[PDB]
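Structural data, given as structure tokens:
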């Protein structure tokens, strides 16, 4: 439009000196999304949106101009109606199974049907007014408002069909080749687990496990052959047992309006979204109530209330995801039928990644006996008052209260695998009985989580706007902001739980460590306060030269009390020059509407909220003389009085260029943002009192180009065609970071945050082992590469003189997990009443380290495996490209070096694959009913639409995986395709 | 007031055949209260409001036309804009130390400034539309809404001063006479508490215990004499280090308005209130957002949203109130100073109601080491839709969502009396070492409570209103209602808790029995659903004869499945005859404008939510045969397929009489309500399989009269005087009830539900023992009354042949706890811009069993006493009227009969006091600023007011107590006095 | 729900018991509180010695009620 909302001011486009990306929100633009963090994929240049999981409610990882921190906050800041939101951060862990239980951001509570615009502030000139919350970018949510006039009511109803998850892309073995592989492994000497499997049990139950190894198929009795044939002929569809098609619903009723003194808006919205995995679902019901009154010609008071309630139902899994249905679709044996002839349960004892079959797993039994249900109650209230003291001087105050309360309840009955693992992990050595017992009572477990995230914000800013001599314009704002946040969590667990009786049983922990291993009651409390004083100035001359600036002094309890760093400015200096308005360039005005050059410089800031400036210690009992119990304190973390925000120096050079009556618009931005004082672990000098600690010392850099081109290809009375191309390249690079001396993989210094270092392989030798490269470029083995020595000759007694600093030279840099080139292409056609929008997105130039399809030392034959195990090296198939299943018979030294260092096989370059995928994010065809037909129905307007989401994904090949965004984490569902039919009435 | 709202429909006053009490909520009527339940005291006839406690947020016990149930619901039903409210039930118990930790009703979450009027439905004609929730009466809350016109902006600010609590009414002994009493007891041979008290400890510390007992004052060494004299001259103020004066502050901003199609209302309020006890406080933030849109000339859709957040902070006490500061001011020694010369803590070891000195208590240590906090987040959304199908036909639908989440956190540090008493209570007998140990660890305790109360209501009704021949008027409504309620509670306790470190310690319970008195994880879930179909009819003829009727079929999962009781109707019939409209009365219209006689009959019901219609059992592992271990179920609660609502058949006759143009309004109402099928424990025949069960058998009756007089005494251009007198007499009588055969207290049959039975005493005999009356009326002792026999002669081996049936004849009926005579008198004066409002409320006819000032056997002299112990009988003071402190040496059998039967002394008639009090509930003087000054300030209106709450209470004597309502429970603070200054701006 | 236990010398303690608790359980709670073998404890309420198999509700043990305790071979 003609104005930009930055969360503090409203800046005219002709006086905009900053990089700002706008996105108008409607059905014709973003589609039928249910969360607004998922509608930004490919719509704004420089804003890269990636999906962490495919389950409903899963937060999206968003990066604006790349990663701006190492160990601090990396997610953007979401501002709702001028009040920043809390709980929007995406929790990032190591365990791949944590995506099963990832918490939803508060952004999932805001209905996209109640939002008009999304404004993304990208550079220093736009973000520096946010102080120490600006290094990661800011996304400003402008919610819909009542329009002065007759009341307007909207009733949108969307019905979505989600197709079933097809595992044909998983490339898994059926019963035939699985049984053949098991038989060939039983013949061979590969005996890591030979009790596991289906063929192994059948053969060994008749005492033929030794006869088969010597004679083969003929050495088996027909009693043992008919069973194996039955195994071969038994086929089970695990994409039908585990996955489902879904019918999702969504309804929204929005009534608004206003008159010369009061503008009102009300909205209700309820949606039900199912997951592709059976038993997974998510409901959201929300209410929005806005009303703004004009008390006098000066005073104006408004109240906005957003109330939200979400309900999530999902499956219970272990800590390490042996149960996870998405991953269990890769482990379930093709010939294993969950039910027997009489309908009784049949248990899967091969579910553990260890060589122990005692805990059985049945998917139906777990679904019946387990539950993971969460309920989220959220509230956001904004009271904004404004006093127009003068035509030029205005004052504004704003109070924002946010409260999110999540109550989680995980129940696992006694007859379920999730309880079996708990009881097994409760194994302890009874000293008085010389045996092993279990201290967890016989019964179910009920775990309860209560998380509360509160925030109160108060802003007060005074704005002055004056114009002198009709060529000078001055805009000055001064304001302050107090913001306090609380995060309180409670966890409670009760063992021996009975689902109906609601009764638990006492637990007797042998030690305190075992009591910490099974916590029964945990409390967590975090509280922070922030005081900020900010100001902004802008001077426009002759409608041609705009000079802008901002400053912000931030203080918090998360910073040190040193007077040297206590209140240091976070500023920005900007500049705009409209070349099109120049008298010497007025000749080229019959075809050029705009040419503006804008530059910006400034310092942003980041807060690492997991670091404290206080002396965190622990109480111990000890003494310095015989007798007496002195209570001593051992320092856990060093007190850092110079703790402060992570500085980021940004330089942005922009260019706007519009021609032929908005026929062609171009916005180019080149940015260079160098980050310093990033909070990270440094190896301190020994005179500091500590070997190492977390201080402000690291460094970083991002730099690249954002290109946003919008075109009106066809402009005809009936047919119109528009194109919107957004492109962004980011060159991330870590400049100064520290790694442990014991670390053997190279550090990221000089490479992106998600750098992938892999051991380049030249193939296989004549015995199927991987072949490596030495410094001279010749093919060597592991024994030559690591210089393995075995003096004792026992095999498992190998050692190497290769230092970690030298082992870091074996790895080579492949790429980065985060794709440098991101963006999208949106094509809009309008033919009479028909409107077709095709939004496609691209993330090109990435790499992903995939889990090996099989382990060549630890291959578990009791679980299914990908179809590339058949392309491994075999004595009967010497043309295989993947490593053979090795044993300790041939080369004990190399085998045991591979065994005791599991990262060599995982870090081979053959498991790292390219990541270049284009995705058809949206394809929506809508029809607007003729005006006469709507008038006959009494509606101001009406419309229908058929929409396809995630229908097409192409680009680089993603073999053995269901999605290119699902190549890293096997425990997260893929992004589901959907077909939505929507009806809108007025 | 031409209409009456009943929560389902609007009834014209000229067609109102029911008993309805309406109170217009305003500053000039209710004053500056903060909860509606506290504003109804004396303002409605037949509605009795009693303060359960004086603490902030304490719910008020409300009774409409007496108590309508024995063991079921006894509180009225609150209706907010047609949607009934949940959580408005007062859970009272016999525990005197339970009101300190009392649940807050959801009514406390509604701002009285957002409420237009309160409608109380009293008889069957008004309540029978509520079905099985009508036996206790209904209170209908109508909230404010926007009036069509310019926005109305009302800002209110109230500043309240609460005077400090003065213990001068407690009449406690000071240091001098308490030390005198302790010395007197040490001289005597009083058996109880010889080790307690400062004098006894000082004297025994020097070893002069027997020396003192033999020689008096002169037998003590100078050091002991100086110590005791120091004790006498030491004075401690326990009313200023336990209580305080407070400055509370309330703010409210109500913005409203509307126009020809949309009407809007908004309000934000915030109050902070402090208790008279130090460290007790309660704040509330309330938001209201309502908007009603007129979609068409037929459809009309409205959304109301009430959001509430309350925060309560208070003290942690023992389960039986050994710490309570309100009771401690009644218990702390006058010469005990909690701080010594060095500022260290001095512990009071006499806080236990035992002979034990083990546990010490310091009030400052408890205050800084313990905390009891709570946060309540409440939400109430009401979506209503109306469709005007025809000029006579209308269809209304309504959906109400209510959600109340209360999170309580009780923390007790290691060095506090709460943790000390918990650890002491955790003492067990370890048989391995044959010694007494403690299983609760060393540290604090953190207890977390999370109670969620949710409700969904959906009503759908249709009204048809027609007029025939201009003299017949018919109104027929038919509708249905589906309601569902959930109540979930979670409790989690952690021992060994460190407040700073948030770390707990494991607990090893000796067995499962000791794990239930110290629970670590408890979960409760209760879900109920109700389906109701209702209808009303009304027929008005010649504008003088109105006939009304109401039917309601109610069903729930709390009722039995039996078909004969499945859906019985809850109905009502009613008739109104307006004599003033009769032609033969046409000559009396010059001085009378209303004479109406109304008659009503009906059947109401009540729901008991504790009883269940299901067989409730428990699991045991007993055996029938050797080696035949089995899992079998023991029945705990018998199934009752005939469970049903408690019937209450009611008749009512009322009279309305208005004369001299609303100069004199009189409303008389006589009612008789006989409730049968009440749920209670009946001693069943043994042929039913059970000795006793809770079934629908009991019965009671409430009969009485209500009078509402409203006069306009003076009507002048300047001066005006209005008077409003409400009176209500109620007679309660339990007609059928079962008492245990071993109970010695008389049953309540033929007496109110709360009868007080006391043993009448004739005074004291020559030895100070109380004297009793036998059947013949001659003064006898306890030996003659109980026919005590001592066969062994040991003194404590006393037995009596008096059967419990004979023992019940010793007691006599005194009165009832609730006063039969209730009401109030409100006088409103207006002179120029000045207004005054004097609201008085009387409760007459009650009795209360006060706790005895001292026990003649169990007198603890380590704690302070009333001044009436000096009125006891002693050898020197033979004229005392209170019983002497008796010993076992003089009459062993009587002493050891009074000992093991401690109810005889407590149930004497000398501890029962009358209850007849008039309380000045409100004295408000207002002043409306002149229009000229307000216009000069740019305001439509402005007003100030000075308000006095509970400034004066008189009536029957309440000696040794702080308030006539504090004569029963000594653990609850009295109703505080308040002086409020209110400023209102428009 | 608590009760008081008094000896013949006036020394009292407070025991938190349940109405559905057998007198043997009450004596075990007494042993837990103070060191006293349950087989050597006589409990008197209403003048009648309490049986080791009967519950407290049968004797009508109300709230805040006093029970005399006397140890065998000690004083009774």
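Chains as they are written, first to last, in the deposited numbering: chain C, 115 to 1100; chain D, 115 to 1100; chain E, 1 to 76. Ideal Cβ positions, reconstructed from N, Cα and C, are used throughout, including at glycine.
With distances taken from CA atoms, which of the options is nearest residue i?
i: residue 384 (chain C); options: C:517, C:666, C:1000, C:273; result: C:273
i: residue 333 (chain D); options: D:343, D:317, D:346; result: D:317
i: residue 514 (chain C); options: C:444, C:595, C:463; result: C:595
i: residue 848 (chain D); options: D:181, D:142, D:167; result: D:181
i: residue 592 (chain D); options: D:614, D:198, D:649; result: D:649
i: residue 72 (chain E); options: E:55, E:8, E:32; result: E:8
i: residue 998 (chain C); options: C:551, C:303, C:654; result: C:303
Tell me where the beta strand (DSSP E) around residue i begins and ends.
i: residue 575 (chain D); result: 558 to 582
i: residue 715 (chain D); result: 706 to 718
i: residue 884 (chain D); result: 884 to 887
i: residue 536 (chain C); result: Not the beta strand (DSSP E): residue 536 (chain C) falls in the alpha helix (DSSP H), residues 531 to 539.
Leaving out five residues on either side along the sequence, give the residues of the same chain with a beta carbon under 6 Å from the beta carbon of residue i.
i: residue 64 (chain E); result: none
i: residue 899 (chain C); result: 886
i: residue 839 (chain C); result: 823, 939
i: residue 1064 (chain D); result: 1089, 1091
i: residue 45 (chain E); result: 59, 67
Excluding the five sequence neighbours on either side, which residues of its own chain have a C-beta within less than 8 Å of the C-beta of residue i, listed in chain order?
i: residue 873 (chain D); result: 886, 924, 925, 926, 1018, 1021, 1022, 1023
So with CB distances below 9 Å, who are the chain E contacts of residue i?
i: residue 854 (chain D); result: 57, 60
Just curious, the alpha helix (DSSP H) that residue i is in, first and last residue?
i: residue 797 (chain C); result: Where residue 797 (chain C) is concerned, there is no enclosing alpha helix (DSSP H), although the beta strand (DSSP E) it sits in stretches over 778 to 797.
i: residue 398 (chain C); result: No alpha helix (DSSP H) holds residue 398 (chain C); the beta strand (DSSP E) holding it covers 395 to 407.
With a CB to CB cut of under 7 Å and the five nearest residues on each side skipped, what residues in its chain are close to residue i?
i: residue 338 (chain C); result: 316, 317, 320, 322
What does residue i reach in chain D if we use C-beta pairs closer than 8 Å?
i: residue 67 (chain E); result: 1014
Taking a Cβ distance cut-off of 7 Å, strictly less, list which residues of the region 381 to 405 of chain D are near chain C, in chain order. 382, 401, 403, 405
Report the residues of the region 17 to 46 of chain E with a CB closer than 7 Å to any CB of chain D, ordered along the chain. 31, 32, 33, 35, 44, 45, 46
Taking a cut of 7 Å between CB atoms, which residues from the region 553 to 586 of chain C lie near chain D? 560, 562, 564
Given a limit of 9 Å on CB to CB distance, which residues of the region 449 to 476 of chain D reach chain E? 466, 467, 468, 469, 470
Quick one, which residues of the region 624 to 635 of chain D are near chain C if we go by CB-CB under 7 Å, in chain order? Listed by position along the chain: 626, 629, 634, 635.
Any residues in the region 4 to 16 of chain E with a beta carbon nearer than 8 Å to a beta carbon of chain D? Which ones, in chain order? 4, 6, 8, 9, 10, 11, 12, 13, 14, 16
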